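First the structure, in the form of structure tokens, and then the observations on it.
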Amino acid sequence: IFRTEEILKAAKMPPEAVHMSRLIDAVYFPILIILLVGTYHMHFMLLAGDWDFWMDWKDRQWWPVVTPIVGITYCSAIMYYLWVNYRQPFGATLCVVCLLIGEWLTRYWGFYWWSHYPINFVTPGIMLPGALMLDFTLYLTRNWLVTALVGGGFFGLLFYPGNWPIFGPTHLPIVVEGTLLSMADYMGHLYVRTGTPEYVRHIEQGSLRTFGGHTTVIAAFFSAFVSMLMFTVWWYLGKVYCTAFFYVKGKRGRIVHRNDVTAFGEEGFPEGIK
Amino acid sequence: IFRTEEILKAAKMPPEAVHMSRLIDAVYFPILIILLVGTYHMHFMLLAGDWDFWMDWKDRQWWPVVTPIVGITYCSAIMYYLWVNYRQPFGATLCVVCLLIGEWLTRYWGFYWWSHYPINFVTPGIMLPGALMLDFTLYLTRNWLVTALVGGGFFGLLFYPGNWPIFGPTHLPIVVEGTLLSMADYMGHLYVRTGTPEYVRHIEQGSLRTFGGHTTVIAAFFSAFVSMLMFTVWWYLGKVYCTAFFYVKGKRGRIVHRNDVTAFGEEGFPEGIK
Amino acid sequence: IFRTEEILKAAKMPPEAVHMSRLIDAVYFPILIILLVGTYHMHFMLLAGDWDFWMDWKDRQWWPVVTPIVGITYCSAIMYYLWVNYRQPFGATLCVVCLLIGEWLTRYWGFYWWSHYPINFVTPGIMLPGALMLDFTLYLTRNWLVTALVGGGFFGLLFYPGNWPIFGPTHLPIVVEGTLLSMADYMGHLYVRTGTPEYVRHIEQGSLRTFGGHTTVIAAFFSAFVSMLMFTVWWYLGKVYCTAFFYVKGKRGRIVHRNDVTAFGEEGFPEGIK
Amino acid sequence: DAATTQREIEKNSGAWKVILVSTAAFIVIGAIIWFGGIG
Amino acid sequence: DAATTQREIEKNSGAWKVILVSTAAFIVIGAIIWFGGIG
Amino acid sequence: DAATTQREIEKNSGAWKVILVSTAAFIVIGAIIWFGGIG
Amino acid sequence: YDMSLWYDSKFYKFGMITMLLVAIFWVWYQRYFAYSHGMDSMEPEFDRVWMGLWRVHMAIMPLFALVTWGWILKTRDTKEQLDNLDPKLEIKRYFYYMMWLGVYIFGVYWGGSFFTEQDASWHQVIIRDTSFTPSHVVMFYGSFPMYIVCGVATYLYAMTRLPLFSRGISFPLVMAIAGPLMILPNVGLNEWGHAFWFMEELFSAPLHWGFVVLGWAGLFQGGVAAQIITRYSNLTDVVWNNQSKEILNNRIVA
Amino acid sequence: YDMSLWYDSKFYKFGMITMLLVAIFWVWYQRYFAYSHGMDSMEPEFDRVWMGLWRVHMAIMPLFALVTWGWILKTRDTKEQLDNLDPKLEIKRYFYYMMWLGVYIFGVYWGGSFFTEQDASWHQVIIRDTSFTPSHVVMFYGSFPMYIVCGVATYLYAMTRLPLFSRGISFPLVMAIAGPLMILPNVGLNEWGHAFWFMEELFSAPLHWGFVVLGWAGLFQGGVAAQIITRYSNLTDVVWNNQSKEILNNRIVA
Amino acid sequence: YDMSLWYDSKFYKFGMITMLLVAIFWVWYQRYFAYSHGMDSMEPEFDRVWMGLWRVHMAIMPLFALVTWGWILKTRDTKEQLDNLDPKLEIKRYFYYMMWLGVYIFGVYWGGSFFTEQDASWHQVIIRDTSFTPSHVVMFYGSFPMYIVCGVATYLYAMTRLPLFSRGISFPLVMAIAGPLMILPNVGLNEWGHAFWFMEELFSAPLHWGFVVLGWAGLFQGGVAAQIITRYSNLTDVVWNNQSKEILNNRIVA
Ligand SMILES: [Cu+2]
Ligand SMILES: [Cu+2]
Ligand SMILES: [Cu+2]
């Protein structure tokens, strides 16, 4: 219903070759999924996992700025790989889905079932709408620079509105011992973190140069701007990550870079197959 | 009176071609002047404009060090462009002239006629003798490394003596409320800056390791030394700024860097013109 | 007794050529030794010389971490040069020997015979076992990445046990004015350093997150880990340091990189010599 | 050719009017905005 | 050829036993270590 | 050739005297400076 | 000889005078509405005046972009017309491309130089920087997008009327335009730094160093002019020296 | 057609299930011995339990490395057998190489993702991080070396059974493995930062950024897969499209 | 055979002994005039002694540079003589070039190693670092320019007597010399750091890291020696193996 038979006919694959290709896909794609889970999860948690773990770290200054900048990195590289090599537009969504799968597994088994923290206190939460819109921008524009601009803007801007339905109810006010707190703050105080005291929270604190009514908005744009840079940089990093050569040697013992080329991609190879 | 007819005869230009070349010059040179004004002015003001704006920021430690290091950057790149492409030795002087034109326009219209500050309080002032000597060194030596060394030394050393006639009289002592001040300091206090308090001045403060009689001299040499580095670095940046290629594509959809070449510069092209 | 005659016969050197080669070695090798002394000594003293000069700076946190990281740099590059160009495995040992020769000369003539400090107070001391084991690893493995890993581990781990026989006796406790000191500390206080007060010592201070029984061990591993990186990086720097080309020019005045090649290393040159 | 002289004589008169109908409007649309206080 | 079919039929049965003699031992050598408190 | 042997026999004796007239002077010009206190 | 066959400057002059008049109008608006209605950001008159001007900019500049880009893309030359282009018309079109570059660079001068020291000037007569301060409206929301439109339009024209630019992608031109273009999103960094612990007192502050790094891309004028001069020399050889046209189509092929 | 001539997956499935069972055993050990014997590091029971597990890891993982690497290097293919390799057997061997990569990546997932947030989880129920904390034993001394062995074994197999990998050095594969490999020595940086003035409170602390930089090397899977897909296309052309074998031996020669 | 046709070492020995004697004289001057006349910088005797030595250095070192460079440039070989150079004389000239390099490297050793730890030694017997301290005079104003002259002279000789160096520009040699050369202007950074908030207490301070970065250029001896060894092998092939001279003039042409 898509155009798969035409693609297979253009590739000149006999039925056994088609079955072998299907087996290659079924073997390699789960491997890529697991690698994305592991590596992207490590990168995200060790760069932005602290705001990710706890409800009271989700603030208006650092969370919506740090999170998208860290998240765009693997997404840009994987999108480069998929789009450039196979014309596949689901890179960023796949990255964020893998990250969320790993995050949910660790929160349920590590934080909750081992450390006895409640599940609602460790919602990560989502970063998916921005990745989806970035994928849609890359597919519709087909240009990676226009994709950098527009998709990075979307990725940096849609983070806070997309997470507001999850963490908005946690901002309801409570009064404890005559002191006003957000419900996330009282959840953080209620469930003791022996290794995490209050003063380590890198959250907003207000300033005499600060417009309290615009804070998130400013954080929504700065995180966007850097994203437009970060994407671009990591897009070039994708070209570094796709570098596939061999160190061959001969005679004097000299080492030369050698590239294995696809024979089907040559000038007259497809016509001579028949 | 120079040798222009010989140059035109060597270029093999018919009179209509000469007129077309003159029109190209008359169109492009003002564009380059305006671009230098804008971009160089932005760079200078956002890296070293604070010492530039006010009389009381012109000190013995930070002003004569920060100013030449920031100023040498655009000068080196524009000198590279002009000398390498057209053998024109007026790069640094053109950069500093454009910077001063922009600075004077903004001081008269922005600081004075809009913000009501006096003109004498916002003299920038000049950085021109160092640029002139750098241009002369580049022309006379014809080597850009010897130019880097000697011209960077000149640029970093001649800054303070060249500005002393302008800001030397502003250092005369005054006594206000039994306290000694420089006349620049009293000018700074007299004309209120709501956004600029006293403590933000990055100026000398003295130290127990400091030889007060040598301060400027040391600042004259350090600013020179870094200049000798900076020039060199930005000279290579000039080669980056002159990179002129196209991303052409064909067939598989592969993109290749392509350079458009000058036909007159080939081996036998000039002889076959006739 | 090694295989030198076979090597000379394979090189096709007449006896006068052999004598000329011996003179080349006898002239160049002392030059390389002196250059290593000078440059490596400067680099080491201006990056890690402060812990090197004084007995009371040799601590469990900064000395065994800073010293091997600084020391591995020149060793990796010189080992690259020697091994890649001539298959000589004595690079790191030569570097450390040159550094120690320079250090002993300056300590005897500068610190002792001019500044009247005792010789025992300025023992550097050694960094040689790690360099020797790194050389042995490079020779036995013949792979520079396995050499990076294993030899960097050895270099970072063997520093403290190899220096313990020299500075271990200096840690015996003394009681002065009812206060406990290490004998190195009392040696530092006894011999006045007008330019070096106590508070400038970058030495261990203890922490509430610190396991006092494991400090050196941790310092033994971190210094190892960075070494494994540093080696690798500087190995690539060796390829930068062996870059030997000329800027040749012709006609339009264009400059091209040109490499002088060894004629003996060509395909059929050795066979045509006879 | 001729289509060059004519395709280009048509974009001269075409470009000089997308300039004069945008000059006018843009000044009329921004006043209607300035004098109306929309927002 | 035939040595392919046979060299490879010999590493299938060879590899499936260096897997089953290491599975067993590694579990027996680490218990002897766990239950003996060596160290 | 011969100009090689002679141009090079002339720079040996030429170089060994710009060495011995600079050795002497440089030691005499720096004393005249040291013992005269110029500056 | 006939000047008009390879040179025309009416559009360049019109754009220059129009940009100058717009800048003069911005200056007059600032000098007439800043001290009386721009001091307090919470006053209704501040809204009616400066946020009204901001809304005018937000409604006009997208219209400017739409009109200019649509006209440039609509009167496009087909691949057939770009392959048998008259070299005299190519010289005229390269002059037009240089004039588009000049208009873009005039916009960059207005945005980055004049209406920036005028902002530092405003930063010292006010308590603290706001977000829609008199200065911002004229540049951040006016001058900034203005030059960006011209930049896109410049490239647009080139890669639509210049065969070479329609063939390969002028690397230098890309950066030359993308730089000041990416400068506008750096307003987010500017605001985030001002509002939080990146300090605000200095104008030459580290948060203001995004603009200099992004405007360094304006120095790719060297590559842009190298391409322009190479093509101009080739056109001079073809038209006046009676040389073969093959030099115009040889080096930018696949 | 015959599937078995170019595909086999028994070893891959066994390795996957074995790694999953080992991880489940580690999880059960943590949930059974951490609160009762892992709270205090000076208690004898802490030794007997957690340092006993550490000793078990230190004795088993080197044995794992020895056995796997020795078996791979011992049943090696000579240069003669790698020059007349049956292309169907080459497809099967590339499937085996992909399965070795999958086992290695499963080990990396266990080490860097699951048993790392479980560590942050442990860092918040304890006063301060130790060195042989329940968490560390399972990953730092267990999961870390585990994936490293698999990584070496993966490359080993390839450069022993795949002629191309025995010919040239797969640059991407090198980094893909070296990355998580070099992650284990970064435990020294981790401990040195925790014990001294690099602070310990945050899990996303600058001393934890060595792991992300070293795990960025895991993104060279792009080059690894590019090589695999190019060889797979060449094998498909040779085997089924009746094309010449010269495409398999032409581009990776000196 | 005849040694003298391709080897001579009198100039090298003279330069070595002269540099050693100059260093010994500097050491004796420091040990005789530092504690009695170098403690206070405001005393007239401090002037008469140490500023007198500084003036002697400032008058002699430029004279050294002038004499050496002028002699090297004055007895130059014309392009005709450098094209029909006797290869035995070329071997002798390469030996001379290596000896010039050795003298330059001896100067670098004196400047950067010996008279630098002797300075750290002086930094601990004085209250604070001055600018013309006994140490400085001997190295900053003496050893520093000394090696710089030798460096220039070394290159000078090569690109005047060695055809290859007169042909192309020995990239490695450039850096090898420029490094310690640029080290002398770093005295400005040293003084600026000492006098202001870059601190002075440590000798291995960040302001002292300009010297290490500039002296890393001394490691281009690898490229220098690679060029020397390649030319030496070519000369050995030409002179003794009766091979064609074309290998000497083939690879460094335009
Ligand atoms: Cu502002
Ligand atoms: Cu931990
Ligand atoms: Cu000093």
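The numbering of chain C matches Swiss-Prot: 3-276, in order.
Method on record in the header is electron microscopy, 2.8 Å.
Cβ atoms here come from the backbone N, Cα and C positions, even for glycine.
Under the heading Cu(+) binding site, Swiss-Prot lists C:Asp187, C:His191, C:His204. DSSP classifies C:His204 (Cu(+) binding site) as coil under the three-state reduction.
Within the chain, the transmembrane segment (C:29-49) has long-range Cβ neighbours (under 8 A, six or more residues past its boundaries) at 68, 72-73, 75-76, 80, 96-97, 100-101, 103-105, 108. Here Swiss-Prot flags C:29-49 (among others) as transmembrane segment.
Annotation comment: Swiss-Prot describes C:66-86 (among others) as transmembrane segment, evidence class sequence analysis. Beyond its flanks by at least six residues, the transmembrane segment (C:66-86) meets 38, 41-42, 45-46, 49-50, 53-54, 92-94, 96-98, 101, 129, 132-133, 136-137, 140, 146, 154, 157-158, 161-162, 165, 218, 221-222, 224-226, 228-229, 232-234, 236-237, 239-241, 243-244 of its own chain at Cβ-Cβ distances under 8 Å.
According to Swiss-Prot, the feature transmembrane segment maps to C:96-116 (among others), an assignment based on sequence analysis.
The annotation transmembrane segment is assigned in Swiss-Prot to C:123-143 (among others) on the grounds of sequence analysis.
Here Swiss-Prot flags C:150-170 (among others) as transmembrane segment. Distant neighbours of the transmembrane segment (C:150-170): 57, 60, 66, 69-71, 73-74, 77, 125, 127-133, 135-136, 139-140, 143, 186, 218, 221-234, 237; these residues of the same chain sit at least 6 beyond its ends, with a Cβ under 8 Å from one of its Cβ atoms.
Only residues 6 or more beyond the boundaries of the transmembrane segment (C:219-239), in the same chain, are considered here, and those with a CB under 8 A from a CB of the stretch are 62-63, 66-71, 74-79, 82, 146-147, 149-151, 153-155, 157-159, 161-162, 213. Annotated transmembrane segment per Swiss-Prot: C:219-239 (among others), in sequence order.
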**OP:** Just name the binding-site residues among C:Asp187, C:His191, C:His204 whose Cβ comes within less than 8 Å of a chain A Cβ; none is a fine answer.
**Re:** none
Subject >> Beyond the flanks of the transmembrane segment (C:123-143) by 6 or more, those residues with Cβ under 8 Å of it >> reply: 54-57, 69-70, 73, 77, 81, 85, 91-95, 97-99, 101-102, 105-106, 109, 113-114, 149, 152-154, 156-161, 164-165, 168-169, 189-190, 193
Subject >> Intrachain C-beta neighbours of C:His191 (Cu(+) binding site), sequence separation six or more, cut-off 8 angstroms >> reply: C:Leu183, C:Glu200
Subject >> Listed binding-site residues adjacent to ligand 2, that is, members of C:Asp187, C:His191, C:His204 whose C-beta is under 6 A away >> reply: none
Original post:
Residues with Cβ closer than 8 Å to the Cβ of C:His204 (Cu(+) binding site), same chain and 6+ apart in sequence?
Top reply: C:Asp52, C:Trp53, C:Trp59, C:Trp64
Original post:
If you count Cβ atoms within 10 Å of the Cβ of C:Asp187 (Cu(+) binding site), leaving out that atom itself, what do you get?
Top reply: 21
